[PDB]
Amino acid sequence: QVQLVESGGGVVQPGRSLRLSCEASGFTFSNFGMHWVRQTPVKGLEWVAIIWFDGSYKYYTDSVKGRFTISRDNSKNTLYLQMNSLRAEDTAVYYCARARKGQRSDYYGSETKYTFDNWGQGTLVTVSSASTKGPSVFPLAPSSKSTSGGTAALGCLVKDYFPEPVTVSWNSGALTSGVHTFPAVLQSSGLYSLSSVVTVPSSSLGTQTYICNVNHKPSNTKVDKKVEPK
């Protein structure tokens, strides 16, 4: 199927350089135009740039002109966004999208406008002068004080990481029902902390294995933690 994957996000010192890479699979990357979109927490969704299928033409939004450069390597199925002279306004989640005809494929008219679909998950760029700190994963073990009814709650505590974000899966993605990954909180030290919990059958606490998988891509931290009853 069509899958776009972004990479390259983290901290950048205000007024520095960063490159993003969008990998493409499931279609002919050299046949479609590509977009870079970003979402800011307050100002919302904002188009950034578009590149043609062959890289012949490139158009940018005004705020990024003279600072960003969209490019592509059709032999590698990889889209690029070279972000230079980064500002505070550039802190956002950057998606890459594939060009899409804003009308059914059979349609043929004078004015046929195009948009973008097939958005990837995104890569979060945080513009800050602070240092990257990896997370610390601790187990929220189930106990009699975590059991109500036939249900037992467990989880893992991820604290003291910067920048955002961390992704937390359970049993390598095979456990999704009952999972509650909470939004991160800003600790008094400027570092982030979150907790991901999951409710499971209490009777299966001895025959089942629950491992919390934490991924902090900015610090290249991959932690796998087993939560056992005590």
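Numbering starts at 1 and follows the sequence shown.
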Got a sec? Mean C-alpha B-factor, which is higher, 57-65 or 160-168? 57-65
Between 66-74 and 171-179, which has the larger average Cα B-factor in the PDB entry? 66-74
Using the B-factors in the PDB entry, rank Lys225's C-alpha atom against the chain and give the third, lowest, middle or highest. lowest
Taking the values exactly as deposited, rank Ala92 by C-alpha B-factor within its chain and report the matching third: lowest, middle or highest. lowest
Can you tell me which third, lowest, middle or highest, the CA B-factor of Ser30 falls into for its chain? highest
Position of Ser17 among the chain's modelled residues by C-alpha B-factor, lowest, middle or highest third: highest
Of the three thirds of the chain ranked by Cα temperature factor, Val200 occupies the lowest
